[PDB]
Protein chains: 2
Amino acid sequence: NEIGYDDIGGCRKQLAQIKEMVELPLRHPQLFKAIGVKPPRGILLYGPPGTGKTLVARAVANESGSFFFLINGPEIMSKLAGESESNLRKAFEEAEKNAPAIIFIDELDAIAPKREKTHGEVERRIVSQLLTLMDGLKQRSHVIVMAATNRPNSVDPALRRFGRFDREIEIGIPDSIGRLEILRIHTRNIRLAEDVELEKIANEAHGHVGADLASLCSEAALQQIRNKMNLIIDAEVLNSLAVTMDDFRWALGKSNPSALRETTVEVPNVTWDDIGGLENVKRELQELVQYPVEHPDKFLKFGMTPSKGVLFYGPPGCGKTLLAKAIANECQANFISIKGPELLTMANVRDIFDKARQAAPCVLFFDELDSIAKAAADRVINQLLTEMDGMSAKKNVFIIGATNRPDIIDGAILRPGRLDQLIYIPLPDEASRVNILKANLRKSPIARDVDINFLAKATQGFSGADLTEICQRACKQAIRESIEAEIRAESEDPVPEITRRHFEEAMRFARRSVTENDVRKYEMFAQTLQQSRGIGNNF
Amino acid sequence: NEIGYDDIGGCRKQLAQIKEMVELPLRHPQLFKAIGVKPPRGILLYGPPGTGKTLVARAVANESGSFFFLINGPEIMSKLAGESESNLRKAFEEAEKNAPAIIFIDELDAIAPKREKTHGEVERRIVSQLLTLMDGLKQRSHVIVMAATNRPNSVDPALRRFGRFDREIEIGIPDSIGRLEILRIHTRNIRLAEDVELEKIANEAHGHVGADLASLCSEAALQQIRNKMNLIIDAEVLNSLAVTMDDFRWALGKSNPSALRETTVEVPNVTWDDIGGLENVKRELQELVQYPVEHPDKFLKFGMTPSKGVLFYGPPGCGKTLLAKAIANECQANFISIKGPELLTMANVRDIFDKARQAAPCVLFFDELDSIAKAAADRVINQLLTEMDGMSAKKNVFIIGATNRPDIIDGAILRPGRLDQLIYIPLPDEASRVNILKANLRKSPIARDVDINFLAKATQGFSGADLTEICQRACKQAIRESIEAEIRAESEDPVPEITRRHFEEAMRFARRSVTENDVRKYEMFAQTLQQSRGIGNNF
Ligand SMILES: Nc1ncnc2c1ncn2[C@@H]1O[C@H](COP(=O)(O)OP(=O)(O)OP(O)(O)=S)[C@@H](O)[C@H]1O
Ligand SMILES: Nc1ncnc2c1ncn2[C@@H]1O[C@H](COP(=O)(O)OP(=O)(O)OP(O)(O)=S)[C@@H](O)[C@H]1O
Ligand SMILES: Nc1ncnc2c1ncn2[C@@H]1O[C@H](COP(=O)(O)OP(=O)(O)OP(O)(O)=S)[C@@H](O)[C@H]1O
Ligand SMILES: Nc1ncnc2c1ncn2[C@@H]1O[C@H](COP(=O)(O)OP(=O)(O)OP(O)(O)=S)[C@@H](O)[C@H]1O
Ligand SMILES: [Mg+2]
Ligand SMILES: [Mg+2]
Ligand SMILES: [Mg+2]
Ligand SMILES: [Mg+2]
């Protein structure tokens, strides 16, 4: 029952990073003496609630082999004024007496809030004592101080300094692969039916931290019990209890994960095959994003630093969002998406650029920039420009912007050193429209009588989103006939695929979302955005 | 006199959940052992004041069969600091000593306010002690901690974490059926006249929580006593005391319920019969809302996910609110209505979307969107967009918007994934007008000389609101004639039905509300909203 590294999933990188700082010095002390390293003695784990950073603490407690002392934030603050000071002092004194040792301070924000913003005098005295104790740890003393907080910005800045907590590890939101690892860990003692495919549950559990995935496994078991209890304890029933995929899907539907609104920094699942049409832009994006990462030596050879800012602009529904996700996928680079409405609803723009820096190859995408232009907006745009200037081209963070309104985009964002690579995403041509329909219909069963070539030549001027709407309306016709066919059978297989007749009905009321007059305006700005940075038509 | 489950009405599902989480593990521990799920240990009951959560606590205390300890937040906070700390500690200690046990903390917000926003130090110490005690409950110990608050957002977020009050049950505003149940519960010991129909009172008591209904019964009985005494104790008078429907209606008229301004999440009472002539829109809304819920298998089969966003637009007074209510009714889905003025009058949009998520099949309606456009407005619209983008299409929450001003609707709301299903609600045609008049006159007696076809022919270009106005004017004419006839009879039924002369009088000054020029503009915007998302007529 004792927790170990095997009970933690989704943070393989972080655990190895912790081991290198807690276990490796003790196993091989001569490595650090040989090279002259100052091994870290302050480690701060941070991340949203439920990510498993108290679990990591329990793992290090039971695996490090060094004396472990656990300080709980609320426990210290629940004591009287004098007794909270003594417990902190006794914590460090015992650690130095039993070196090597690890002091773990869970819920550091409870002990060490910002002194400027702290009201009580006793609380501020505890923060001061912790700083004194942290500074009182001699280099000889083999004492590593670990801390965990889900509010890192609420901690006193003095503690996040050299010599004090100076190494920060993010136990963040797990990705799809990590979610599967957690589910496997939490289903080891739960009977599962043969139809349970935890891979699908992991892929569908967006926004779920390990704490949420633990609840999901628990709830699915209860739903299994509910089904049996409702029908009905006989031993046959007890031996027939096995969580089925239906229970997991029921649990996933009712689940309300706590990390839905957190920014995601995972590699997207969109590939080139999801776009297809924009061949030239694919090649251009590879050179702008892929080459600096894969072939950094060649750029050093030719002596010119790559520009790491791009701007997609064009008519709505032409794949600007898909392109940003596909390129990050090809490079296997993290992807942060910040839609324009999110920016306006929000020192938080600085955090986004901080997250992008932590993700070493990262594509930082600012979608729907037209919202800022159509609009706080001045503060948001100026903050973006300052952060872009603070992002060096030598760091593998690529900034991409997308706008459906190149007519109202501030020229400061196009300045060299900023989104100066201007890529125009036009309406698809007939050949492109064929590929878009093929891409959209991959998952759908289509009858042999459907000619995508005919659809492409009928959807002249149709944006990529419009073509998706035709497919959606084609499927709805198939579902309608499927339901009607089922009623006839019950009241007295029938439609297995999406036939041509469905597409005929789908295209009856279809109209292009971008008018030819609008296309003329977009083609005008394909020639004048580069020149929309001086006086222009303002005088 | 002891309170039990029979004394609680309206919250049947919540009581079932509480039984499953409290009683069922003890009856069949082997049932949980077999499937490897550990029952929960923290339950938070939340809801507006008076909904019966203290009543639920009393019921569980008298029915669970496990040691029950009650902690009243005001009682703890009325004691000195050490006394309050000792009382909490003793509560938890006694609960652990007499397991299985339930600790109920009534008014948890009084004990555990947000520490950042708490001024005193003793309060913070109490909150920290509560957290420590919650974390000190071992898995082996069979202690379930329950808490009740009418201000869940005022509770310390740390207490709503995993391993803490991690399961929340909403004891919310009862619906008509629940109101009838509560009224029946509270009329068990009150003598009722044979003419008392509690169903009508329950239907008419909008915004009444159980406490308001208890007060309503008490006030009706007081009104009966008052009426009897005003005439006048003789035993005949005492035995003639029976609450009549007049007393209940008087009490209901004088009652001022506390939950009037709370958002309602009930299934609406509007059916298709209240609309009539919008058959194509009815079928479309069925396909959009009902099919995903009833036939998810077909959507998964054809491989394309359904869009969960709709936008009604068209001339004013044509039935956009009625359509949303009726579609919510047909699917038996919960309905939340938020009007534009409400949004502008308000971190609360997130609350609306959370409520929508809790109601599993829910139609979230944003009516009178023209108010935002005519206007805080930017913040509201950006929050709406962000929340729409956070609502996955795999969850059965459907978002509908209605606007009488398609000319000033922000294009971001029409983006694919957002309210991209644009449905146009035109002025009714002659047959639609006939159906509207038939629907509006169902409850009203009408003379056989009234020809609805003639009215429909005369009301060319009239909206549904105008036809309802015509009906209201006819009824006013009938009431006036009835009053005049009554006066004549008293000073010396004559008007049993609404004759065609009344309709002739009503139609005399009736004019259409949507001009033909406005009809032309609406018909044009029926072609250009899909295209109002790029440059458009801005350059
Ligand atoms: N990465 C993970 N791998 C496996 N189980 C996990 C993981 N993260 C969370 N869990 C489970 O969910 C529980 C969450 O508890 P904690 O680890 O204390 O969460 P946390 O990281 O401490 O977040 P806070 O800030 O303390 S609320 C754990 O006890 C595990 O049972
Ligand atoms: N080239 C394309 N290939 C395949 N699908 C496409 C393409 N362009 C657009 N789509 C579809 O249209 C949807 C929206 O496209 P996006 O990638 O968001 O382009 P966009 O520039 O963001 O336009 P909007 O304003 O967001 S609709 C995608 O999710 C696809 O379903
Ligand atoms: N669902 C219900 N069924 C029956 N009676 C109810 C119900 N809800 C309230 N009542 C009655 O109204 C009284 C007040 O309800 P309480 O449960 O005491 O208040 P509450 O739900 O705790 O709200 P707060 O937040 O404590 S003011 C109860 O004692 C009952 O007499
Ligand atoms: N198709 C209809 N069938 C029956 N009654 C209708 C119809 N359209 C409108 N009405 C009547 O008019 C009232 C107002 O209609 P709504 O449902 O509010 O339509 P609307 O789109 O909201 O227009 P407004 O601006 O709110 S009046 C309803 O309560 C009905 O009494
Ligand atoms: Mg923790
Ligand atoms: Mg997009
Ligand atoms: Mg109460
Ligand atoms: Mg309305």
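In listed order, ligands and their atoms are each counted from 1. In what follows, every chain begins at residue 1, and chains take the letters A, B, ... in the order their sequences are listed.
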Could an N or O of ligand 1 be found under 3.5 Å from any N or O of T51(A), whether backbone or side chain?
-> yes
Does an N or O from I275(B), backbone or side chain, lie closer than 3.5 Å to an N or O of ligand 4?
-> yes
Are any of the N/O atoms in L322(B) less than 3.5 Å from those in ligand 4?
-> yes
Which protein non-hydrogen atom lies closest to atom 29 (O) of ligand 1, naming both residue and atom, and how far is it?
-> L55(A) CD1, 4.3 Å
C318(B): heavy atom below 4.0 Å from ligand 4, yes or no?
-> yes
Can you find an N or O of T54(A) that's nearer than 3.5 Å to an N or O of ligand 1?
-> yes
Should the pair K200(A) and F248(A) be classed as cation-pi, given the thresholds of under 6.0 Å to the six-membered ring centre and 45° from the axis?
-> no
Heavy atoms from other residues, nucleotides or ligands near NZ of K282(B) exceed 12 (cutoff 6.0 Å) | yes
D7(A) touching ligand 1 at heavy-atom level, < 4.0 angstrom | yes
In the protein, which heavy atom is nearest to atom 20 (P) of ligand 4, and how far is it?
-> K320(B) N, 3.7 Å
Here the pair of heavy atoms bringing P428(B) nearest to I436(B) is CG-CD1, 3.4 Å
Is the closest side-chain donor-acceptor distance between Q286(B) and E330(B) under 3.5 Å?
-> yes
Check whether any N or O atom of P316(B), backbone or side chain, sits under 3.5 Å from an N or O atom of ligand 4, and answer yes or no.
-> no
Is a side-chain donor-acceptor pair under 3.5 Å present for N404(B) with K320(B)?
-> yes
Identify the closest protein heavy atom to atom 10 (N) of ligand 1: which residue and atom is it, and at what distance?
-> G210(A) C, 3.7 Å
So which protein heavy atom does atom 19 (O) of ligand 4 come closest to, and at what separation?
-> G319(B) N, 2.9 Å
Criterion side chain to side chain contact (heavy atoms under 4.5 Å, CB included) against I102(A), the qualifying member of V22(A), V145(A), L70(A) | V22(A)
At a 4.0 Å threshold, what atoms of ligand 4 neighbour a non-hydrogen atom of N404(B)?
-> 25 (O)
Short N or O distance, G9(A) and ligand 1, threshold 3.5 Å exclusive = yes
The Mg ion (ligand 5) to nearest N/O/S of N150(A) below 2.8 Å = no
Between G276(B) and ligand 4, is there a nitrogen or oxygen pair with a distance under 3.5 Å?
-> no
Identity and distance of the protein heavy atom lying nearest atom 9 (C) of ligand 4 = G464(B) CA, 3.6 Å
Please test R115(B) against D156(B) for salt bridge (charged side-chain N to carboxylate O under 4.0 Å, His left out), starting from the C-alpha separation and ending with a verdict.
-> CA-CA 7 Å; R115(B) 275 172 294 167; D156(B) 203 333; 2.6 Å; yes
At the 4.0 Å heavy-atom cut-off, does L467(B) count as touching ligand 4?
-> no
Please work out whether any backbone atom (N, CA, C, O) or any side-chain heavy atom from C-beta onward of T149(A) is under 4.0 Å from ligand 1, and answer side chain, backbone, both or neither.
-> neither
Mark up the atoms of ligand 1 that fall under 4.0 Å of a heavy atom belonging to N150(A), in ascending order.
-> 25 (O)
For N440(B), the ligand 4 atoms whose distance to one of its heavy atoms is below 4.0 Å | 5 (N)
For ligand 1, find out whether one of its N or O atoms is nearer than 3.5 Å to an N or O atom of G52(A).
-> yes
Result of checking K438(B), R442(B), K325(B) against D274(B) for salt bridge (charged side-chain N to carboxylate O under 4.0 Å, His left out) | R442(B)
Looking only at protein heavy atoms, which one is nearest to atom 4 (C) of ligand 4, and how far off is it?
-> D274(B) O, 3.3 Å
Per-atom contacts of ligand 4 with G317(B), taking only distances under 4.0 Å to non-hydrogen atoms | 9 (C), 20 (P), 23 (O), 24 (P), 25 (O), 27 (S)
How about atom 14 (C) of ligand 4: does it have a protein heavy atom within less than 4.0 Å?
-> no
Donor-acceptor contact present, side-chain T264(B) to main-chain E266(B), <3.5 Å = no
Any ion pair linking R405(B) and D370(B) (charged N to carboxylate O, less than 4.0 Å)?
-> no
Near-ring test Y313(B)/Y424(B), centroid separation under 6.0 angstrom | yes
Run the numbers on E168(A) and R160(A) for salt bridge (charged side-chain N to carboxylate O under 4.0 Å, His left out), then give the verdict.
-> CA-CA 9 Å; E168(A) 308 191 3; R160(A) 301 171 77 185; 2.9 Å; yes
Out of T321(B), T468(B), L323(B), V281(B), whose heavy atom is nearest to atom 22 (O) of ligand 4?
-> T321(B)
closest protein heavy atom to atom 12 (O) of ligand 1 is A211(A) CA, 3.3 Å
Distance from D429(B) atom CG to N435(B) atom CG, nearest 0.5 Å?
-> 8.5 Å
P316(B) pairs by side chain to side chain contact (heavy atoms under 4.5 Å, CB included) with which of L427(B), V514(B), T403(B)?
-> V514(B)
Test of proximity, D367(B) against ligand 4: N or O pairs below 3.5 Å = no
For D175(A) and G178(A), indicate whether the former's side chain and the latter's backbone hold a donor-acceptor pair under 3.5 Å.
-> yes
Going by the 4.0 angstrom heavy-atom rule, the piece of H186(A) near ligand 1 is side chain
Ignoring hydrogens and angles, state whether a donor on the side chain of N329(B) or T271(B) is under 3.5 Å from an acceptor on the partner side chain.
-> no
Partner of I452(B) under side chain to side chain contact (heavy atoms under 4.5 Å, CB included), picked from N440(B), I446(B), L437(B), is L437(B)
Under 3.5 Å, is there a donor-acceptor pair linking the side chains of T54(A) and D106(A)?
-> yes
If you measure from each heavy atom of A402(B) to ligand 4, is any distance below 4.0 Å?
-> no
What atoms of ligand 1 come closer than 4.0 angstrom to any heavy atom of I8(A)?
-> 3 (N)
May I ask you to check whether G50(A) has an N/O atom sitting below 3.5 Å from an N/O atom of ligand 1?
-> yes
